[PDB]
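Structure assessment
For reference, the chains in residue letters:
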Amino acid sequence: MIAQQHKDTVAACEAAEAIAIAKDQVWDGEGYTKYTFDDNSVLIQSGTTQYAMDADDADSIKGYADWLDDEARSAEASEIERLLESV
Amino acid sequence: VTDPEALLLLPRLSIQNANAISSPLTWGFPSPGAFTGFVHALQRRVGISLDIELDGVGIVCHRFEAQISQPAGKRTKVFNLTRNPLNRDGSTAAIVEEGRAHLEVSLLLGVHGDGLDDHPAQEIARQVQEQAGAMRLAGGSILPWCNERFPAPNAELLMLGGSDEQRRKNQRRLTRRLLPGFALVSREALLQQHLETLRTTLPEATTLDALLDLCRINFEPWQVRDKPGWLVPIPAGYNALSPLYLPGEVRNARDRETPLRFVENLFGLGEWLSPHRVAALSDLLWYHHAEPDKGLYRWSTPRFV
Amino acid sequence: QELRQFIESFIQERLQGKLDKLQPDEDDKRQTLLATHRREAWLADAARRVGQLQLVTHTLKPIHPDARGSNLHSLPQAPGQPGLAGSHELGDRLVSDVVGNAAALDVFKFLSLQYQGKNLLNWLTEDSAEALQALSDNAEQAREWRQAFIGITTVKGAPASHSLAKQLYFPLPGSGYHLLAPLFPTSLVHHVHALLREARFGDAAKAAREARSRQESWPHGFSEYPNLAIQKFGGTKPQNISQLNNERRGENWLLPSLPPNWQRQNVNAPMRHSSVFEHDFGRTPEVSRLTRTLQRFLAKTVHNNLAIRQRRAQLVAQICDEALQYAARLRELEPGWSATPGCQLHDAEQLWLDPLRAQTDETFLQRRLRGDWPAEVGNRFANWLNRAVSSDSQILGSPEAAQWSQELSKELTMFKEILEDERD
Amino acid sequence: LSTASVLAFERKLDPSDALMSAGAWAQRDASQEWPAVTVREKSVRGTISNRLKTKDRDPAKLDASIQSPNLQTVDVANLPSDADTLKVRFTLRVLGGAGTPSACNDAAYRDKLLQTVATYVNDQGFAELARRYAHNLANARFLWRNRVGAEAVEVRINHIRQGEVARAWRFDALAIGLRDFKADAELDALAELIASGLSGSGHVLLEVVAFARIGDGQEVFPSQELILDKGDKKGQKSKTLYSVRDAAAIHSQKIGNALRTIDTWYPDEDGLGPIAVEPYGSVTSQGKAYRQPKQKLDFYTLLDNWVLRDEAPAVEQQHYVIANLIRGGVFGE
Amino acid sequence: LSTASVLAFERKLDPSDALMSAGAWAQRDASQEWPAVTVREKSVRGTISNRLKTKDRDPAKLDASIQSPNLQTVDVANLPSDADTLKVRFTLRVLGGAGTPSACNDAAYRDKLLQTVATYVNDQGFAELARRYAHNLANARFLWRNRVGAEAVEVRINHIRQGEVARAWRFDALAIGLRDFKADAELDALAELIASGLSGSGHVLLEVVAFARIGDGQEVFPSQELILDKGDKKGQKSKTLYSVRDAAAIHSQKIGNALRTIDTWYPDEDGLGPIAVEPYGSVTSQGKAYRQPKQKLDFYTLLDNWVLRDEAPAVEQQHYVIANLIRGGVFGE
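Each chain has its residues counted from 1 in the order its sequence is written, and this count may differ from the entry's own numbering; any residue lacking coordinates is left out. Think of it this way: whatever chain is written first is A, whatever ligand is written first is 1, and the rest follow in order. Any value quoted here refers to the chains shown, not to the larger assembly they are part of. The side-chain quantities take in all heavy atoms of the structure and omit both hydrogens and water. Residues with missing side-chain atoms are left out of burial classes, side-chain pairs and their counts.

**Focus on the overall build of chain A**
The criterion, for reference: Numbering of helices and strands runs from the N terminus; a helix is a DSSP stretch of H or I covering at least four residues, while a strand is a stretch of E covering at least two. A simple rule labels every residue: compare its accessible area, found with a 1.4 Å probe on the protein chains alone, to the largest value its type can have, and call it buried under 20%, exposed over 50%, or partly exposed in between. Whether two residues are in contact is decided by their heavy atoms, any of which lying within 4.5 Å being enough.
When you go through chain A residue by residue, the secondary structure sums to four helices and four strands. For chain A, the α and β elements follow one another from N to C terminus as α-β-β-β-β-α-α-α. Dimensions of chain A, computed from C-alpha atoms along their principal axes, come out at roughly 30 × 30 × 20 Å. By residue count, 34% of the 87 residues in chain A fall in the buried class. Pairs at least 24 apart in sequence give 29% of the contacts found in chain A among residues at least 6 apart.

Structural data, given as C-alpha cells:
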C-alpha cells in the first residue's frame, strides 16, 4: 500500500514489483497492466487512474471486476473466476 | 562463386534433433544457410590445414522425419517439446518452442584449393569425414554408426578429370550414391516470373509465394491448378534493418571484434529435384554471397539455370 | 489553434470516460486533474508516460521470452534482387504493433488518431503548422510534447542485444565477418495472418467451400492449407508479448517446406502376387499421381506447343525419374532380391529389381545379370509407358501424338542409357 | 574483471536416441536382427479417483460423475508375447575440449577461464568424472523404469575406431550398484577411455547396448512426448510415446540426464542419492532445487569465485563445476 | 506437516495383455500350438427397442421408424466350430517396495509415509493381501464374461526364474468360489510367493494360463475398444474389439482390475462380495461409489488421518490403504 500512494512513479512501482512476482498486462480496446504484490495484493495502473486490490477479499475482487469494463469481460473472465475460486 | 575443381560426397549422415523451424514463416527442412555455415566451419577448422578451399554444398535429404503431431480434430499441426530443468526455486520453466527433426542428408562439397595435387584423395576424404563426425549441422548432432552404416567411406572426385564421356560417366556413377535423394536448389527467377504473370492486382512478392505452395481450386463456368514442381517456400538470406555498428558499440554481442547489424530475414523460393533431372553436379551447389555496404546478405545456387 | 477539433473531442472523451461514473471527492479530483490537462496539457499527461510503449516493426521478445534487447522498428529494406519477400514489400497499410507496458494504451490511442483525418500525428514527421494546429501552449512545453510524441517509434536508449537473441556470423567474400542479429517480423507475420484468415475463414471463402459442397458452385477461387504448423509464444501468458490479438493468441502459422519424401513408406518389396500385379508397373501414390496427370494430359491439344509441349518433358521425365527413385528405394531394404513366386514382372525384374551379388546371388546370378542386361525391363517399362495412357486416333493422327511418340522414344533411350551403366 | 555477458558451453558426451527391440535371452549374443518394439494404441475407460476440493464432495456429484466415466486413448509399448528380453541400443560419443566456451564476450575472461581449466586438468585429471560416467554407463541408469524389477540386466559396450570393434566390455548392471561408486578394473579401463576422450586426446566413440530380462509380453516404457495442444477431449490421445522409425525409443536428452547423475556433493545428503549435474542443481521428480544460490555451492557462484576472484573451492566443487562445463549451458548475466 | 502437493506411486502387480486361443479340452495339456481367436466381422440390423421420450411415442412415427433401415457392423470373436475350450494366457510381475513413491515434493511427508508403511510391513506381512490376490488368480476373475456359464474352468500358474519353470500350480476356478476367501495348501504356497514378491524378498514372475470350457463355436469376449460416432449411411462400425497381431485380446488393466478385487471391508456389505480397490471405492457397472468420503472410510481420509495425525485406523482399513498403495495412482492435490 506504499505503491498506491506513489501512483504514476513507475520507478517506485517497478521497485515494489521487482521485489515481488512479475508483471501482467491486458490488451483490449482499453489498456491495463497488473502489479501483483508479494502479500496477495495487485495494482492495475491505467494512465492516470488505478485501482489497488488485495486478494483473499471477496468484495474487493467483485468491485475489482466491476472496475473493469465490458471488453475486459471477453478476456479476464477465466481469471476473475480463478481467484473467485481461490478462497 | 568460383567454379569447383572437385566434389566431395559426405555419403550418408544421420542428423539427431536438427532445427525444423528455419524462419518465422516456414517449418519444414532446415534453412540452407545452416548448410553454408557448416561448410564454412569445416573450411575453418580443417580446410586450411589441407591447403584447400571448400565452398559449395549440395543438399540431398534421403530420409526425413519431424517430431510433430496433429491435435485430434484440428487440421494444422503442433510440435513435440522437451522438459527443460526447473527454475531457481524449482517451480517450472517458461516454455519457448523449438521444432526438432531427424535428417538423413548427403553433402556434396566443392573444392577449389591448390592442395588437391599434394594429397591423396582418400586422405582428404577420410580427414574431412573424421572431422565432420564431431560437428553439428543444423543445431543437430551428426550421428555415428547405426544398424546399416555400410557406405562409411567418403569419396572425392575431380570434375575436370578426363574426357567429356569420362566426366559425364563418372557423374552418373556418382548419382548411384544419391539413390532416394532429392536435391534442393534455388528458383528465384521463377518467383519473379510468376509475379510478372499475376502482377495485375498486387505485385507484392509475399502474396506470390504465399499462393504457390498450394492447391488453387478454380470453379465451374473444378479446375484446380497443376503443380510445375515441388515448389516450397525457403528463407533466402538476410536484409538489414539498422545502420551497421562498430565492434564495441552493440551491447551483448557474440564478440567484440566483429561488426553487428540487426537484420530481418528474406524469404524466397526453391524446389526439390531428383539427382537425375540435374544436368551436371557443379550447378547444384549452394554458395553464400553478401553485399556488405548495403544490407543484402544471402545464399543461393548460382549458375543453376 | 487551427485544426485541433479531434484533439478537443479526444480530451472531452477522456474527461467523460473516467468521469462517466465517478465519485464526489475522488471522482471530482480525478475529473479535474483529467480535464485541466484535457484543455491543453493532455499531451503533457501523455508525454509523462510516453515512454511506456514503442511502435515496434520487428520485435525481439518472440525469439526468447526472457530476452531484454532492442525492439528496432524501422522500415524493412531496399529490395535488391528480384525474388526476396520481406518487410520491404508492405509499404503502406502495415501493422506497426505497439510494445511495452500495456497500461498506457490511451497515449498510443491519442497518437493513433493523427492519421484518421489529420496531418500532424500520422504525418508528424513534417508539417510544423500541423504540429502547432492544436497546441496553443508555450514553445518549450510544445517542443517537449513534440519530442515525447516523436519518441514512440524510436530506440529504447542504446543499441543492445542479448545473450538469448540469436546472433550469427556471416562470411564475407574473401574477408572477415559481419555479425547478424535477426529479429522477428511482427508486422509481416500479422499481415500474413490477416491474409490466411481471409483465405481460410470469413464468409466468402466459406461460401465457396460450402458451394463446393453444393456440387455446383459459382465462379470463385478458394484456398486450402494442408501441413500448417502452429508455434505458440508466451506459453500461458501470450499478452505480455505485445499485441498478440484475437487472431494470434500466440498463434504463428508456419508454411510447409518439407522435403519431397517427408512421409516415408516401408517398402515391402516382395515377389508375391501384390508384387506381381504391380511388379512391372510399381503402383503407388506417386504412380497414381503420374497416371492421373497422364489421363489429364490425354485430353490435351497441339495448339499450345510452348506450354503443353513443355509439360510433357516434365510429365515424361518425371515418370522415369520416379521409377529410378522407386528402384533405388526398393534396392536397399531387401538383402537378397530372390526370385519370388508370382514375379511376373520379376522374370527379368529379378535383375531389373535389386540385384544382390552376395553369396546367395552367386556368380551364376552375377553372370546371368552380368551378361544379360535389363533391356527387357527397359522394353517392358517402355511398353508400360505406352500403355499408361490409352491408344487412339490422337496418338497417331497428329504431331502432338508424334511429339508423344518422340518423347517416349527419348525417355526409353534415356532410361536404357541409365540402365546400361547400372550392371555395367 | 567482470564476467562475460555471453557465456555458452557446447555439450560433451553427446548421446543419440536409444531404439528398443525385443527377443529371447541367451540368444542376445546374436541380437542383431531382433524385431523392434512398436508403439500401439489402446482404449482406457477410467474412473474418478482424484482428491476433491471439499466443496464438491457430495454423494450425488460423485455418483453423477462416475455415471459418465473418463474415456481415453493411450499409447503402449509391450514386448511380444514370446520374447522376454529388452535390447536398448544407442551410441555415445565423447568429444573433448571441455574448457573452451562456444560464445564469450571478454577475451580476458576466456584466457582466465582456460588457465583455470588447464590448472584443474593438470592438478587432477578427468579420472573422477570419467569413472562416475563409466558407472552410469556400467549400470543401467538410461533404462529408467525398464530397470525396475528386472531380474537380469547385462550391459555391453563397444569402443569403435573405424568399421571394427576396438574393445568390448560386458558389465552386469545389478551387481554394479545404483548408489555406491565402487571401483573395478574394467570400470577403470573404460573410465580411462572416457577420460582420454574428454581431454581431447583421442577419438572415443562408444556403442552402449543393454539387455533386460523382464518377462514375456510385459510392458516397456519408451519416453513420452510433451504435447500441449490436443483435441476437444473426445478424440484426443492423452499419452503419446516417442518413436524413431517404427520403433519405440527413448529421447537423447534423458539418456544424457542418466549419464549426468554424478552430483553427490549437494549440501543436503549423499544418502539421498546422486542427482543430475545442473546449475542450481534441481530435480524435476522431487520438484525441488537443491544447491541454492542463497548458499554458496551454486555453479555461478563457484565459477565466478574460482575464475575471477581466485577463491578456489574444495576439490569436490571443482569436480562439480567441470561436470557443468562438460554438461554445457547458456549462461550469462 | 502437510501432504505433498505431488505424490505418485507406480503400480505393482503389473500384468500383460491376455491373449486368447482356442482348442479341445483334454488336449488342454498340449495347449502350446493352439491357434488364436481371430476378431472377425458380421453385419447386424436391429429394431427399435430403446425407451421412447413420449414425443416419439405416436404410432405412425414409431412405424416409420421401424420401416427404416438400422444396420451397422460389429466385431465378434467366437471359438471355432470344432473347439470348445478358450485358453487365456497372460503374465504378471510382483515388484515390491510398495510404499515408496516415485514423485514426492515434501521430503518430511515421504519420510513419515515410509515410517508408517514400514510399521505396517513390520507388524503384519503382505500375507492377507497376497492371500486375497492369489485367490483372485486362483479363481478366474480375469475371465470376465468368459467365466459366466462355463462348465469347467481351471487355472495353471507357473513361477518363472529363467527360461524355465520353478514351480507349477493347477487350480479349479469353479471350486474356488467367487466370494469366500477360503483356506487351501497350494493357494497358501502361492500366497507366500506373492507376499515375498511384494515385500522385496525375491523375483516373482507368473505364467497365468486359464482354460474355460464353453462350447463349440460359442462367443468369447475380448475387451472392447473405443470408436467415435459419425452419421454414416447404412452402417458405420458400432463395435471394435481389442486385438494384437491378429489375435483377440483382453486389456492389461482389465485383468489388473480383476486381480485387485479384494476389498470386502467397505461399509455397505461383505455378503455382496469384494469390490475393486479404488479411492472412494466405486463400481462402474453399479454406477455408485461405495465408501463415500462423507462416511469417513475414503482412501484420502484414512491416509490423511494415518500419516499426518498418527490416527491408525482399523486393521482392515489399513489393508485397504496398503492395497491402494500397491495399486498405484496419482495422489496429491
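**A word on the sheet that holds strand β11 (residues 223-224) of chain B**
In a beta sheet, neighbouring strands are held together by backbone hydrogen bonds and run either parallel or antiparallel to one another. This is how the line gets drawn: For two strands to be treated as a pair, DSSP must find no fewer than two bridges joining them.
Taken in spatial order, the three strands make up an open sheet running β11(B)-β10(B)-β3(C), and their pairing is antiparallel. Looking at which strands have only one partner, the edges of the open sheet turn out to be β11 of chain B together with β3 (221-222) of chain C. Here strand β10 (residues 217-218) of chain B pairs with β3 of chain C via two bridges, running antiparallel. Residue pairing for β3 of chain C: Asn218 of chain B is matched across the bridge by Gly221 of chain C.

**Looking at the interface of chain C and chain B**
The cut-off we apply is this: Note on residue classes: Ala, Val, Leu, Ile, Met, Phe, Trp, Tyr, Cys and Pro are nonpolar, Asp, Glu, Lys and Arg are charged, and everything else, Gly too, is polar.
At the junction of the two partners, chain C supplies 80 residues and chain B supplies 75 residues. When residues of the side of chain C that touches chain B are traced back to their parent elements, those giving at least two are β1 (168-171), β2 (177-182), α6 (186-200), α7 (204-212), β3, β4 (229-231), α9 (308-330) and α14 (399-423) of chain C. For the side of chain C that touches chain B, the element with the highest residue contribution is β2 of chain C, accounting for six residues. In terms of residue class, the side of chain C that touches chain B is built from 47 nonpolar, 24 polar and nine charged. Sheet analysis places strand β13 (residues 260-273) of chain B next to β2 of chain C, joined by four bridges and oriented parallel. When the bridges of β2 of chain C are listed, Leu260 of chain B appears paired with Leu179 of chain C.

**So, the sheet that holds strand β20 (residues 329-332) of chain D**
All names here are of chain D. Spatially, three strands are ordered β8-β1-β20 in an open sheet, and the strand pairing comes out antiparallel. One side of each edge strand has no neighbouring strand; the edge strands of this open sheet are β8 (103-104) and β20. One ladder, built from two bridges, connects strand β1 (residues 6-9) with β8; its direction is antiparallel. Residue pairing across strands places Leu7 opposite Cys104, the latter belonging to β8.

**Examining the pairing of strand β15 (residues 296-300) of chain B**
Residue and element names in this part refer to chain B. With two bridges connecting them, strand β12 (residues 231-240) and β15 associate as antiparallel partners. Bridged to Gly237 within β15 is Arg298. Linkage of strand β14 (residues 287-291) to β15, two consecutive antiparallel strands, is achieved through a turn of four residues.

**Details of the environment of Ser285 of chain D**
Mapped onto the secondary structure, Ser285 of chain D falls in the loop between β18 (282-283) and β19 (288-289). The residues touching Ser285 of chain D, leaving out its near neighbours within four places in the chain, are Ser102, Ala103 and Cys104 of chain E.

**Some words on helix α2 (residues 25-48) of chain C**
Put simply, the test is: One less than the number of residues in a helix, times 1.5 Å, gives the span that helix is expected to have. Across the chain, bend at a residue is computed as the angle between axes fitted to the seven residues ending at that point and the seven starting from it.
The terminal C-alpha atoms of α2 of chain C lie 24 Å apart, and with 24 residues this falls more than 12% below the ideal 34 Å at 1.5 Å per residue. At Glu40 of chain C, α2 of chain C shows its largest kink, close to 110°.

**Re unusual backbone geometry**
Its identity is not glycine, yet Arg93 of chain C carries a phi of approximately 65°, on the positive side. Phi at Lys233 of chain D takes a positive value of approximately 75°, unusual for a residue other than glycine. Position of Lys233 of chain D among the secondary structure elements: in the loop between β12 (219-220) and β13 (237-239).

**Describing the interface of chain A and chain C**
With eleven residues of chain A in contact, the opposing surface of chain C contributes nine residues. Breaking the side of chain A that touches chain C down by element, the ones donating at least two residues are β1 (23-27), β2 (31-35) and β3 (41-46) of chain A. In terms of residue count, β1 of chain A provides more of the side of chain A that touches chain C than any other element does, five residues in total. A class-by-class count of the residues in the side of chain A that touches chain C yields three nonpolar, six polar and two charged.

**Comments concerning the arrangement of the chains**
Once contacts are tallied for each of the six pairs of chains in contact, the highest total is for chains B and C. Separated without contact, chain A and chain E have their nearest C-alpha atoms at a distance of 14 Å. Regarding chain C and chain E, the two do not touch, and the least distance separating their C-alpha atoms is 17 Å.

**A look at the packing of aromatic side chains**
Put simply, the rule is: Note on aromatic pairs: the rings of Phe, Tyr and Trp (six-membered ring only in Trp) are paired at centre separations within 6.5 Å, and the planes decide the class, stacked below 30 degrees, edge-to-face beyond 60, tilted for the rest. The rule for a charge over a ring is simple: NZ of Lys or CZ of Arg within 6 Å of the ring centre, and within 35 degrees of the ring normal.
Here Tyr297 of chain B and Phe170 of chain C contribute two aromatic rings whose centre-to-centre distance is 5.7 Å and whose plane-to-plane angle is 65°, an arrangement assigned as edge-to-face. In this pair, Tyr297 of chain B is assigned in strand β15 and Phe170 of chain C in strand β1, connecting two distinct chains. Relative to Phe331 of chain E, the ring of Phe299 of chain E lies with its centre 4.9 Å away and its plane at 45°, an arrangement referred to as tilted. Taken together, the positions of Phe299 of chain E in helix α6 (residues 299-308) and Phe331 of chain E in strand β14 (residues 329-331) put the pair 32 residues apart, joining distant regions of the chain. By the ring-pair criterion, three or more aromatic residues cluster together here, those being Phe9, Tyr280, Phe299, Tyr300 and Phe331 of chain D. The ring of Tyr225 of chain C is capped by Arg216 of chain B, whose NZ or CZ atom sits 5.9 Å from the centre of that ring. Just above the ring of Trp222 of chain B sits the side chain of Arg212 of chain C; from NZ or CZ to the centre is 5.0 Å.

**Some details on the side chain of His251 of chain D**
Residues and elements named next belong to chain D. Counted only if it meets this: In the analysis that follows, any N or O atom pair within 3.5 Å is treated as a polar contact, provided that within protein one partner can donate a hydrogen and the other can accept it, and provided that, for residues neighboring in sequence, both atoms belong to side chains.
In this structure, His251 sits in the loop between β15 (247-250) and α5 (252-259). Side chain to side chain, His251 and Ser223 meet in a polar contact 2.7 Å long. If we skip the residues at most four places from it in the chain, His251 touches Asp17, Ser223, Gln224, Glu225 and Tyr242.

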